[PDB]
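Visitor: Sequence and experimental coordinates follow.
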Amino acid sequence: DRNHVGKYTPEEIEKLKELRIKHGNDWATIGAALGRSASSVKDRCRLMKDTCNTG
């Protein structure tokens with residue numbers, strides 16, 4: 001279960017990861033396709049996990 005969609009859909013995230021390997025380092029082009037910030041798709045993928053809980 002991954003049902004908790006925000007601005008990024010599981011398709012958009014899979015697509016950024018698809019384009020990530022397919023382009024290599026062209027995060028600008030990835031975000032430009034997705035209609036998102038290049039910096040934000042790069043940071044989202046870099047984090048990989050997400051600490052949703054405080055503790």
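Guide: The structure has been received and is ready for your questions. Numbering: from 1, shown residues only.
Visitor: all contacts plus neighbour counts: C-alpha atoms, from now on.
Guide: Noted.
Visitor: Quick check: residue 32 touching residue 38?
Guide: Yes - at 7.1 Å, residue 32 counts as touching residue 38 under the criterion of C-alpha atoms under 8 Å.
Visitor: Those two: who's more crowded?
Guide: Between residue 32 and residue 38, counted using other C-alpha atoms under 10 Å, residue 38 has the larger neighbour count: 18 against 12.
Visitor: Would you enumerate the residues in contact with that one?
Guide: 27, 28, 29, 30, 31, 32 (C-alpha atoms under 8 Å, 6 or more residues apart in numbering).
Visitor: quick one, longest helix in this structure?
Guide: helix 10-23 (DSSP state H).
Visitor: Flag every buried residue along it.
Guide: 12, 16, 17, 19, 20 (16 or more other C-alpha atoms under 10 Å).
Visitor: circling back to that earlier point, ok, and the most crowded of the contacts of residue 38?
Guide: Busiest of the contacts of residue 38 [other C-alpha under 10 Å] is residue 30, holding 24 neighbours.
Visitor: Right, I'll call it a day here.
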